[PDB]
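Student: Mind looking over this structure? Questions follow.
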Amino acid sequence: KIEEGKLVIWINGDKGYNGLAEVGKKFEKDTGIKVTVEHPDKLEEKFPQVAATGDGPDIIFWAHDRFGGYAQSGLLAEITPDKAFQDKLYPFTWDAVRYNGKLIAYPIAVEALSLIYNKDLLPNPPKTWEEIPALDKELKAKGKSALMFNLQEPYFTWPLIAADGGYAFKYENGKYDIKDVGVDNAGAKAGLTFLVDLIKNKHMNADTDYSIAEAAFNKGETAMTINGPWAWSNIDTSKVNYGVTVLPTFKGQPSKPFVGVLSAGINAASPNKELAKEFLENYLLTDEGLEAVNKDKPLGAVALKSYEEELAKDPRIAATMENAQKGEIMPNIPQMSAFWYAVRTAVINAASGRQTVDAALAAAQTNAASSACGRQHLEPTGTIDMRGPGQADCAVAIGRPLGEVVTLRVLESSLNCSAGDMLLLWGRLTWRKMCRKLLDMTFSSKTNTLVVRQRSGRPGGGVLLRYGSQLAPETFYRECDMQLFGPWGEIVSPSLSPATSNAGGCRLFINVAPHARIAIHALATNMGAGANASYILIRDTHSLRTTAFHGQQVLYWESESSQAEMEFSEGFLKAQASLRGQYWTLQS
Ligand SMILES: *[C@H]1O[C@H](CO)[C@@H](O[C@@H]2O[C@H](CO)[C@@H](O)[C@H](O)[C@H]2NC(C)=O)[C@H](O)[C@H]1NC(C)=O
Ligand SMILES: OC[C@H]1O[C@H](O[C@H]2[C@H](O)[C@@H](O)[C@@H](O)O[C@@H]2CO)[C@H](O)[C@@H](O)[C@@H]1O
């Protein structure tokens, strides 16, 4: 699907592709072979699907974090340089591109977020994070902002969360303990509580972007931004007289920015292996080579010992290297993907004040754990990557409270459609089944629950989709109806006043994770002394078998579904009876 005697490359748009392409053109002249350099959007999420097919580029450039999943996926080919070549590079960088004791990617440069500040507006920058909100006011006065950086990507926000506490995948016994990540630790929660403070206290817009912030700082609208070596190239062309210093310090600790190693991976399917090795070792990883690239957009600390000794002189590096030291290297594994999406949501959901910092991180912590076919729920946003799951029968449930509805957008699709692969959005009052053109089309529940089966036999054939919630466009649940739907929990009869709306008894929806049944133990009182009147009925939402409870005391009942609801009789409410108990799950 890729063709021979020619190299294709996917670098990130926010890096020097013009400079690289220049190296490709000198390579094209001396070698005599074509070099094409694309920079497609979302290439981090897209290269997998496209190389997984056997197509994609001959080379790919990305920070070493994603490369472990790519290696695990079988997409990457084993790079095997001579001791003579390996000795020209900081062996620390080789240690970032080594999966299962195999090198999978050529290391190019070490990046890390520094603090960039306008020397003009700000002569001395802040030492602490804590002294910015004061500094914002002191710049609101002058009609300005102290700090603007991308709050969408987590890479940027992470340093402040990880300053005090906050880790991702512990290093225990010289390995990453995937069952033990920091995310929901008081250090992280306090670190994220502070970011939320600044948005709350109107110092940072809850939705700044990279372009927004890159332009706001470059114009001089804002005093500080947070960015890596690639960013300077455009700030330079704004004559801002900008500084690059150490990140400010949270709760006494310094900020801990993740360290990226830009690494150039070679595609499993590439019939041009020999050339890629020839291009990167002989041509790109050379002082003459790396200069060209650093020029268009600065690389920062380079893998090449020879050429890194020079940049070390410029203090923009030194600031970065000093920031690199305070922070930790990026885990070079697959579960990074799970980790990333989990945090991005945790930021967004809680930065959009639709999630408590605790609630957001706790959800994010559990999200970086096992398989994707569990249950999502009580998350404004969410990114379910059901691609290449263990069962190709990946069912997953979403749950917001009453008064809300669920949005859903498919982001990537690698389903067979024809064999029988398809999606399925079963709802209370919704139902949709699809394949074919499901890409980039918005779907909607009409209610607070939603569940999404994925029938696809292709081992790595699954879909990646993002979801959200929205305010009830109409609303029609009569308030008193409550919604409790967790792994397990408490049960209380609701009540209402003698007048209000007597017609229609309240219900109680409890929807749980799929392929799990809900169990109800509960005891009810105040019923008092044909079957009379005033009772409680219970059934699964999509079943007609309703077991009622007439003049009862203690009651036990099991679902045969994730979805369930029990209804309280208009009689039972008018007669003022009450019920309490617990509910649980996990039984298939
Ligand atoms: C789903 O459709 C794909 C189309 O690619 C089918 O793959 C084909 O398999 C048959 C072998 O019986 C041949 O037509 C080719 O090997 C494949 N297609 C092409 C164009 O090469 C696949 O078989 C279908 N799923 C099922 C259930 O068979
Ligand atoms: O989710 C955060 C994101 O962080 C990194 O992306 C960085 C990247 O390291 C830099 O090389 C450059 O591309 O800027 C990005 C931030 O927008 C990880 O490489 C990536 O996997 C991760 O998703």
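If you count by the deposited numbering, then the sequence shown holds residues 820 to 1348, 1352 to 1410, one letter each, in order.
Beta carbons: idealized from backbone N, C-alpha and C, even for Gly.
1. Is there contact here, the stretch 1357-1367 with the stretch 1375-1395, by at least three beta-carbon pairs under 8 Å?
2. For residue 1326, collect the residues of the same chain with a Cβ closer than 6 Å to its Cβ; drop the 5 residues on either side in sequence, then sort them by chain order.
3. Buried or exposed: where does residue 1407 fall if 16 or more other Cβ atoms within 10 Å of its Cβ makes it buried?
4. Taking all protein chains shown into account, do 16 or more other C-beta atoms lie within 10 angstroms of the C-beta of residue 1340, making it buried, or fewer, making it exposed?
5. Scan the stretch 906-982 and note each continuous beta strand (DSSP E) run of 3 residues or more that stays entirely inside, going in chain order.
6. Can residue 1086 and residue 870 be called in contact, C-beta distance under 8 Å?
7. Once you ignore the five residues that flank residue 1296 on each side, which residues in its own chain have a CB closer than 6 Å to its CB?
8. Please work out which residues of its chain come closer than 7 Å, Cβ to Cβ, to residue 893, disregarding the five sequence neighbours upstream and downstream, and give them in chain order.
9. Should residue 1410 be counted as a contact of ligand 1 given a C-beta to heavy atom distance under 7 Å?
10. How is the beta strand (DSSP E) around residue 1350 delimited, first residue to last?
11. Is the stretch 1043-1056 close to the stretch 900-907, with three or more CB pairs under 8 Å?
12. Sort 1184, 1255, 1197 by Cα distance to residue 1240 and report the nearest one.
13. Name the two residues that bound the continuous alpha helix (DSSP H) containing residue 1010.
14. Beta carbon of residue 1351, beta carbon of residue 915: below 8 Å?
15. By the three-class DSSP mapping on this structure, what secondary structure does residue 995 have?
16. Taking the alpha carbon of residue 1185 as the reference point, which residue from 1319, 1073, 1206, 1160 has its own alpha carbon closest?
17. Could you please give me the residues that DSSP links to residue 848 through a beta bridge?
18. Could you check if residue 1211 belongs to the surroundings of ligand 1, using beta carbon to heavy atom distance under 7 Å?
19. Can you give the Cα-Cα distance for residue 1302 and residue 1265, rounded to whole angstroms?
20. Between residue 1257 and residue 1215, how many whole angstroms is the CB-CB distance? I'm expecting something under 8 Å.
21. Measuring CA to CA, which of 898, 1392, 860 is closest to residue 1096?
22. Please return the same chain residues whose Cβ sits closer than 6 Å to the Cβ of residue 835, not counting the five positions on each side in sequence.
23. Kindly indicate which three-state DSSP category residue 988 falls into: helix, strand or coil?
24. If we ignore side chains and look at the alpha-carbon of each, how far apart do residue 911 and residue 1075 end up?
25. For a quick check, are the C-beta atoms of residue 1190 and residue 1208 less than 8 Å apart?
26. What is the DSSP secondary structure of residue 1357, counted as helix, strand or coil?
27. Would the beta-carbon of residue 1122 fall within 8 Å of that of residue 1136?
28. From residue 873 to residue 1278, what does the alpha carbon distance come to, in whole angstroms?
29. Using alpha carbons as the reference points, say which of 1151, 1138, 937, 1127 lies closest to residue 1038.
30. For the alpha helix (DSSP H) that residue 885 lies in, which residues bound it at each end?
31. Can you give the Cα-Cα distance for residue 877 and residue 853, rounded to whole angstroms?
32. How long is the line joining the alpha carbons of residue 1330 and residue 1244, rounded to whole angstroms?
33. With a 10 Å radius around its C-beta and 16 neighbouring C-beta atoms as the bar for buried, classify residue 841 as buried or exposed.
34. Looking at residue 1125: is its Cβ nearer than 8 Å to the Cβ of residue 925?
35. Grab the span of the alpha helix (DSSP H) containing residue 853 for me, first residue to last.
36. Given the structure, does residue 1383 come close to ligand 1, in the sense that its CB is under 7 Å from one of the ligand's heavy atoms?
Tutor: Let me lay it out:
1. The stretch 1357-1367, when compared against the stretch 1375-1395, does touch it at the 8 Å Cβ threshold.
2. In chain order, 1300, 1387, 1389 place their CB closer than 6 Å to the CB of residue 1326, counting only its own chain and leaving out the 5 sequence neighbours on each side.
3. Residue 1407 counts as buried, since at least 16 other C-beta atoms from the protein chains shown sit within 10 angstroms of its C-beta.
4. Classification of residue 1340: exposed, given that the 10 Å Cβ count is below 16.
5. List check, beta strand (DSSP E) in window: 924-931, 933-937, 964-966.
6. Yes, the Cβ-Cβ distance between residue 1086 and residue 870 is below 8 Å.
7. For residue 1296, where only same-chain residues beyond five positions count, the Cβ hits under 6 Å are 1221.
8. For residue 893, same chain residues with a beta-carbon under 7 Å away, outside a window of 5 residues either side, are 1087 in chain order.
9. No, the beta carbon of residue 1410 sits no closer than 7 Å to any heavy atom of ligand 1.
10. No atoms are given for residue 1350, which sits in the stretch of the chain between 1348 and 1352 that the model skips.
11. Output reads no: the stretch 900-907 does not touch the stretch 1043-1056.
12. Of the listed residues, the one whose Cα sits closest to residue 1240 is 1255.
13. DSSP places residue 1010 in the uninterrupted alpha helix (DSSP H) bounded by 1005-1019.
14. The gap in the chain between 1348 and 1352 takes in residue 1351, so it carries no coordinates here.
15. Residue 995 carries a strand assignment under DSSP once its states are collapsed to helix, strand and coil.
16. That would be 1160, whose Cα lies nearest to the Cα of residue 1185.
17. By DSSP's assignment, residue 848 forms no beta bridge with any residue.
18. At a threshold of 7 Å, residue 1211 does not count as near ligand 1, since its beta carbon sits no closer than that to any of the ligand's heavy atoms.
19. Between residue 1302 and residue 1265, the C-alpha separation is close to 15 Å.
20. The C-beta distance from residue 1257 to residue 1215 rounds to 16 Å, too long to meet the 8 Å contact threshold.
21. Looking at the Cα atoms, 898 is the closest of the given residues.
22. If you ignore the 5 residues before and after residue 835, its C-beta comes within less than 6 Å of the C-beta of 1112, 1115, 1116, all in its own chain and listed in chain order.
23. Residue 988: coil per DSSP, three-state reduction.
24. Distance between the alpha carbons of residue 911 and residue 1075 is about 18 Å.
25. A Cβ-Cβ contact shorter than 8 Å links residue 1190 with residue 1208.
26. Looking at residue 1357 - three-state DSSP - the assignment turns out to be strand.
27. Taking 8 Å as the Cβ cut-off, residue 1122 and residue 1136 do not qualify as a contacting pair.
28. The alpha-carbon separation between residue 873 and residue 1278 amounts to approximately 15 Å.
29. Of all alpha-carbon atoms in 1151, 1138, 937, 1127, the one lying nearest the alpha-carbon of residue 1038 is that of 937.
30. Note, residue 885: alpha helix (DSSP H), 883-892.
31. The straight-line gap from Cα to Cα measures roughly 12 Å.
32. Between the alpha carbons of residue 1330 and residue 1244 lies a gap of roughly 15 Å.
33. With 16 or more Cβ atoms within 10 Å of its Cβ, residue 841 is classed as buried.
34. For residue 1125 and residue 925, no; Cβs fall outside 8 Å.
35. For residue 853, there is no enclosing alpha helix (DSSP H); the residue is found in the beta strand (DSSP E) stretching over 853-857.
36. Residue 1383 has its Cβ no nearer than 7 Å to any heavy atom of ligand 1.
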